[PDB]
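Chains as they are written, first to last, in PDB author numbering: chain D, 1 to 64, 68 to 230; chain C, 1 to 64, 68 to 230; chain B, 1 to 64, 68 to 230; chain A, 1 to 64, 68 to 230.
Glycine is no exception: its CB is placed at the ideal position from the N, C-alpha and C atoms.
Protein chains: 4
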Amino acid sequence: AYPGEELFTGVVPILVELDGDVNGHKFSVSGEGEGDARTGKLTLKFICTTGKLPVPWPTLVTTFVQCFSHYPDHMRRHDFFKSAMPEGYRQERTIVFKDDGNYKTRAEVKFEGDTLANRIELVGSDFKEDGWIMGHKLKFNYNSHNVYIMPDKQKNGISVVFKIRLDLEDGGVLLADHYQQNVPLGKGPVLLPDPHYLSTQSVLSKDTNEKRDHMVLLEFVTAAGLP
Amino acid sequence: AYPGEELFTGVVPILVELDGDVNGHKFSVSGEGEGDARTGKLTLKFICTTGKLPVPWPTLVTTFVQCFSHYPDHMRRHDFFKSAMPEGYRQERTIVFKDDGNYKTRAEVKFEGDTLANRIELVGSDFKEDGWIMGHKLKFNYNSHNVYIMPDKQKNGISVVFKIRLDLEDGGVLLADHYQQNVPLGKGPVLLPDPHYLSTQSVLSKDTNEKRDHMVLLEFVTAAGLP
Amino acid sequence: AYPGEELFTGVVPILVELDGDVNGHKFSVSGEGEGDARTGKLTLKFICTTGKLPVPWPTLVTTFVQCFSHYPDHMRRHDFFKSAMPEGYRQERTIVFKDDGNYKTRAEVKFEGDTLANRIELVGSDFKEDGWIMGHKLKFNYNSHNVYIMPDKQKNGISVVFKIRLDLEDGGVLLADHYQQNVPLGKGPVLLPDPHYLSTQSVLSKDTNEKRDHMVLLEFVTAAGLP
Amino acid sequence: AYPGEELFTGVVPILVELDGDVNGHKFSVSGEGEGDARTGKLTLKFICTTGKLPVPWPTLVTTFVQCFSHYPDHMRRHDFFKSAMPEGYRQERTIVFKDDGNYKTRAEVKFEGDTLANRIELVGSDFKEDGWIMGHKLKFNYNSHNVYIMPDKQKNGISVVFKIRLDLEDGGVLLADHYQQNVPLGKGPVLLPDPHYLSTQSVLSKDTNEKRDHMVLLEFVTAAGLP
């Protein structure tokens, strides 16, 4: 297999660092945790190093390491995330919130020693001051959803798009469309996958022994084929 | 690769049946769902078959299948719950609510065909009818907390002790001490674990399409070591 | 303040008496020393009054007064051992030496006047004459390990299990598993602690002016909580 | 509470730097660890920087921090070592090895930031290159032995005298008389103690992961009054 696969035979530490800017409200978030590609388990904890988060925590869940998705034996040849390791890949993402603003993220997912780092730069604009983001908070859906992937041959990478359902405090729903391009960092050949998807489930919680603004995230991801 | 773990290589159906008697108020609960030991995932739905539940649903979460906890590779020799399968184990518990009544539960967790069954007999007493549990709304801790386990060599089983923080409606916190003793149902050899604990996480929801008194539970449990 | 903490504000003399029986060899040990709960310090000298000890001295350290452990301010409510004083408690233990023999101990730790007395009975069996324990000269690890404690609500006492590491003459390691049960002797109320542990450190030494088979013991024990 | 005592209420890092010259053989030792005066516990690791130590490690322990001796409550007015802190004290010694050479040491024990550093200079002479010390046939005494202390009114410090037994591989015992003088470095008032002694207990071992010439030291010291 690829020299990137056996870098995930067991538990791998994760470091997260986010430098965002939403309508002028600058902020920084640091994250830390572990990941197990054998089961697709992810246990991460994030903290707003600048104090309070100006945007809702669940809106940054997707931005905050898809290389820890579990790929079954019959589909390991479609794992582009682990393929581009240890040099890693670049993750660009346009998040469009319906009837609201949009995010634009630039991430660098790579290995730094024995740790997996996710250094991201996020920009936000066109969010209303009384919109569903800069105003009333929301919550991330704890149900399984699908994240679809196809290869991008001309870019030697993969295309990834998916929808996010955010439950509003007033019983409503704010759909967030994610468009994502991934490009390898190293020059070595990567796996060009067949169109497939990932079954993703994330549970949000807090840490009772934490005084700062934070979020605890438990994520299970499993890849699945498309006939 | 101890015997009993083979019964949890995939999704296993779960049947839950409870018969309760809290302060003379008799009731029955039927529950169904499934569990995945590879991820420690737990999805169940419980229905009050006698009408309205006289106690808050969150006070009955723990009573309502720890054999679906995920034991990492280096800790599989500590899995007493799966070692008792398929003959199963008996779960007796004493749940003391601070400054209020107490529960006494007798359960039989075993395999019925391909379905993991959990038949429980619950008895409550000394509950104040005007306190904050009986006839009032409660909220489960929802965040991660620890469930401590130790071997009981005299009874050839395990002792399980843990705490639970329930959230009252006025903002106050009610604490429910749990005292638990598991013993195997058959004469086959079981696993005597070292002191360890389980990291538990639950999410409570409501079925919009269900008219009877009901509870939907999502739960994630992971075993962890004590040095 | 339960009426047991005041009995340990200063230095308290210790009496130890043990009648042992291993592979037919009947032996006796007398011990004396002091104990200070403010620091967890234990100074004890044991002497085999029946001649030579037929078992290695390190295998009897745990059998040879956990009421002298230091419990910090935030842990005083978990000190079961002190709450059973002055009437004291009973300490039954099953020690399992891996791939070798087993110890069965029964002790009554209680106050006899102004000194705390520990009177034990030991029965050993299934020890190989060429076993790792038999032959003596064993080595007790001077590093600190953890002795986990959980409440036994049914018996109105506590359950205690831990592991000790015995260094062998061959450079290897003998693991002795300990399974302990504590119940109160008197009829008053006792402390029912939360799950916690005790970091215990001990050092074996000798007395150059002592001609009989003996051992000098130095031990520090401090209580610590579990999340 | 005496002014210098507040600096030892918790664990204190320790630095040790020794330059030696025994019979023209030059060497330097670096040492590090921590001290806990609540229990009189010491754990230090020393590394010979210049390569192979030309004298045996057991001969250098005492040269290798009596300010970490535990002084019981009602004997605290006798702690000159702590009362010299933070400015520290000078510690000069003459170690006569019977029918062999001698050590001359000069130590400046003081606080350097939050770390108590013991920087020593050692000179050894008149040692027999074919005797029992230079050939490295020595073992340490792990049993408790006494260290006698007395005030020095004129020098505003203390004199310290004690004996030490060293075990040779032929079965013989080598006595090493120590003559010690301690004088404060600062101009603050120090405590002139009464005649008393320290009960010292030491244990030497080896680091299995260390390739350089080294010694791990564990020490327990406790002061005691003289009638």
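Close CB contacts of residue 147 of chain D within its chain, under the 6 Å cut and outside five residues either way in sequence, are with 202 and 204 (chain order). Close to chain D, meaning a Cβ-Cβ distance shorter than 8 Å, are the following residues of the stretch 24 to 49 of chain C: 38, 39 and 41. For residue 114 of chain C, no alpha helix (DSSP H) segment is defined; the enclosing uninterrupted segment is the beta strand (DSSP E) at 105 to 115. An exposed status is given to residue 2 of chain C, since fewer than 16 other beta-carbon atoms sit within 10 Å of its beta-carbon.
By the neighbour-count criterion, in which 16 or more other beta carbons inside 10 Å mark a residue as buried, residue 126 of chain C falls on the exposed side. Checking the DSSP bridge columns, you'll see residue 14 of chain B partnered with B/33 and B/119. Each of D/158, D/170 and D/154 was checked against the Cα of residue 164 of chain D, and the nearest Cα belongs to D/154.
Following the DSSP letters along the chain, one finds residue 202 of chain B in no alpha helix (DSSP H) but inside the beta strand (DSSP E) bounded by residues 199 to 208.
In this chain, the alpha helix (DSSP H) harbouring residue 86 of chain B covers 83 to 86.
Taking the Cα of residue 167 of chain A as reference, the smallest distance to any Cα among A/160, A/178 and A/157 is reached at A/178. Residues of chain A whose Cβ lies closer than 9 Å to the Cβ of residue 210 of chain B are, in chain order, 146 and 147. Here residue 101 of chain A has 178 as same chain residues with Cβ atoms under 6 Å from its own Cβ, once five neighbours each way along the sequence are excluded. The beta carbon of residue 135 of chain A lies closer than 6 Å to those of 171 in the same chain, with the five residues before and after it left out.
Taking 7 Å as the cut-off, the beta carbon of residue 130 of chain C is found closer than this to the beta carbon of residue 104 of chain C. Residue contact check for residue 12 of chain A against chain B: no CB pair falls below 7 Å.
Per the DSSP secondary-structure output, residue 163 of chain A pairs in a beta bridge with A/152 and A/183. Among the residues of chain B, those whose CB is under 7 Å from the CB of residue 223 of chain A are 206 and 221, following chain order. Residue contact check for residue 156 of chain C against chain B: a CB pair falls below 7 Å. DSSP, read as helix, strand or coil, puts residue 94 of chain C in strand.
In terms of Cβ geometry, residue 14 of chain B and residue 83 of chain B do not form a close pair [threshold 7 Å].
Counting only residues of its own chain and dropping the five nearest sequence neighbours on each side, residue 224 of chain B has a CB closer than 6 Å to the CB of 40, 72, 201 and 203. Here residue 62 of chain A has 96, 98, 167 and 181 as same chain residues with Cβ atoms under 8 Å from its own Cβ, once five neighbours each way along the sequence are excluded. The beta carbon of residue 5 of chain A is closer than 6 Å to those of 85 in its chain, skipping five residues each way along the sequence. As computed with DSSP, residue 168 of chain C is found in a beta bridge with C/178. Residues are counted here when their Cβ sits less than 8 Å from a Cβ of chain B; for the stretch 178 to 190 of chain C these are 182 and 184, given in chain order. In this structure, residue 44 of chain A and residue 31 of chain A form a Cβ contact; the two beta carbons are roughly 5 Å apart against a cut-off of 8 Å.
Interface annotation, residue 54 of chain C: not in contact with chain B, CB-CB separation never under 7 Å.
Listed along the chain, the chain C residues whose CB falls inside 7 Å of the CB of residue 97 of chain B are 156. Take the alpha-carbon of residue 229 of chain A and the one of residue 81 of chain A: they are about 11 Å apart. Not a single CB atom of chain B sits nearer than 7 Å to the CB of residue 78 of chain C. If you draw a straight line from the Cα of residue 56 of chain B to the Cα of residue 49 of chain B, it comes to about 15 Å.
At a beta-carbon threshold of 9 Å, the residues of chain C lying near residue 230 of chain B are 148, 149 and 200, ordered along the chain. The alpha-carbon of residue 46 of chain B is positioned some 37 Å away from that of residue 194 of chain C.
Put simply, of C/78, C/156, C/208 and C/120 the residue whose alpha carbon is nearest the alpha carbon of residue 142 of chain C is C/208.
Looking from the CA of residue 26 of chain B, the closest CA among B/222, B/116, B/120 and B/128 belongs to B/128.
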